[PDB]
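In the form deposited in one PDB entry, a lone chain appears below as structure tokens.
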């Protein structure tokens, strides 16, 4: 039984905050590896995932990668890369060792650049994947005029920059573009003054409470307004200075949250023979004391992408690894581009290393965010959940 070695790179230490992602995904990775092994899918070979702690640090992460090359077995590909700066360093260098990389948690749009990161692939949709989804939501409700409120931080300005190209050639006007660093109030007052009704917000959890307080003070809430903001904030994020909690909740009422879908809502058998719901139960059993991670499905499907890629690569060699082999690296790279199966996160397909996945729409209703719809990136289709999504008026708000 010869090994098919894979370099697992992620933060694993309890001392590192993002170590919770690396640890939360391991039970899902353990489940996928265990199944592939029993079923002897890669017979006679077996999947040999070796784990190396990046510690969510540029220097430690690079040394972890360097030590894996020096002292570790001959890895065929890289699985992981969670933190943005660490992943960018490793992903940029890949061609040097003819290593294809598959990430399950690095969502930075920067990685979509195939000139700089040719050998990088990801099962998780990037931060920008919300933009084609929002476009469908705007078309669905006939919102042709929007305003933007962005935080002056790279994570948010990258998403706002991508929105320009997404809304170009479409019948959608960005009537007002506003930026802020520490206080959103001036920008919110400018949006009110320009009579903006549909707002596309891109700011962190901390700034969101400030944004909604300004919205209450400027009366930018209720039947006439629709806020479309990030959907990745922690639960009860608002509970955690001038506004009262009741006034914040009044302005927050009806906001639309946008984020990737952690698991498929379709009760259909996936590549493993299990439904997404059956997998979720198996993961929750296996995780034990370990805290769950929203990226667990992406890590699970990630392992299945690797197995299927190695299968196609084995076929290509039969039809006719030191890091020296440019050819095998190209075979693995071409094999991964062919990926097309129904996984726990939905249909697992790549468009230039980028995941064509599912985007979740939520709406804040009284006390919490409630799922209101989903966007299928493959089909470029939106499905609004009947009798979930609500508006304070008789009709959804008008754009002017």
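Residue numbers count along the first chain shown, from 1. Think of the rigid core as the biggest set of C-alphas that the two forms share within 1.5 Å after superposition.
Checked against the other entries of this protein, residue 242 counts as unresolved in at least one third of those spanning it. Unmodelled residues of the deposited sequence between neighbouring positions residue 219 and residue 220 number none; the chain is continuous. Going from residue 320 to residue 321, the model skips 4 to 9 deposited residues, which lack coordinates.
Relative to one another, 32 to 40 and 369 to 377 have unequal mean CA B-factors, and 32 to 40 is the one with the higher figure. The PDB entry records a higher mean C-alpha B factor for 168 to 176 than for its counterpart among 70 to 78 and 168 to 176. For the set 314, 271, 133, 159, the PDB entry assigns the largest Cα B-factor to 314.
Annotation for 243, 229, 94, 306: 243 ranks highest, by Cα B-factor. Ranked by C-alpha B-factor against the other modelled residues of its chain, residue 193 falls in the highest third. When the CA B factors of the chain's modelled residues are split into thirds, the value for residue 47 lands in the highest one. Residue 149: CA B factor lies in the middle third for its chain, per the PDB record.
Residue 326: CA B factor in the highest third of modelled residues in this chain (values from the PDB entry). Placement of the Cα temperature factor of residue 235 within the chain: highest third of the modelled residues, per the deposited record.
Omitted from view is the form deposited in another entry, to which the following refers.
With the core held fixed, residue 193 shows a CA shift of 2 Å or greater between this form and the one not shown. With the core held fixed between this form and the one not shown, residue 158 has its Cα displaced by at least 2 Å.
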